[PDB]
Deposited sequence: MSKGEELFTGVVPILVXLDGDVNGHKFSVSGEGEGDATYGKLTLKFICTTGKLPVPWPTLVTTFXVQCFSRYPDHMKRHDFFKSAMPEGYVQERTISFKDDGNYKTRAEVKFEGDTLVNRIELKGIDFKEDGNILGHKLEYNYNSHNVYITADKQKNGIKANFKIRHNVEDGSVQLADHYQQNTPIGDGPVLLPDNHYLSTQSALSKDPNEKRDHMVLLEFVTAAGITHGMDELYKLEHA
């Protein structure tokens, strides 16, 4: 039923209100997701002027319900199962040798649109560090998001490490701790351990005057295999 909502192309909107070391900002985003292909296309604009942090640091914050779950893993898709009422997604993002983001978001349908509404608080950043000093390259690596069930909270937890390329050729680690909990009362799928394999590409809109980021993402779940017998049946 939740999965039925994602069989075609679904329009997406994003809102973020942020405050990093006392620098307040807002972002809005729009695009679409095609969970059949695990495909996301999104464009974000800073509505308050110039973004006070590098665009790449906000990628993970700005809809894992669009993941492509292979047929044999459909019982492990918590994200879709919580729709349309949606889920709360909370994170701590710890930049190594630098500050932290603290995020809370609601992801849910508003009409036929999947909407991600976020607040972000940032603290303990170095004015001359990679983040406030804007020393990140405008690009993105590929990462695995490791998911485990959190039966107590009737949801999931995830942990992963984002690697941000720094202009001098080093890498800035951003350790991600994540939890998701359904908004609704209905039953949801509590998964076995697995991961989302994620590729992201950042670009610019040549016609866009605002501070902005264009994102193209492909997300496919993995880490759970067919049984041996299923492999023989598939082969035949």
Fill in the blank from the handout: Comparing deposited sequence to modelled residues, the uncovered ranges are 1 to 2, 65, 240
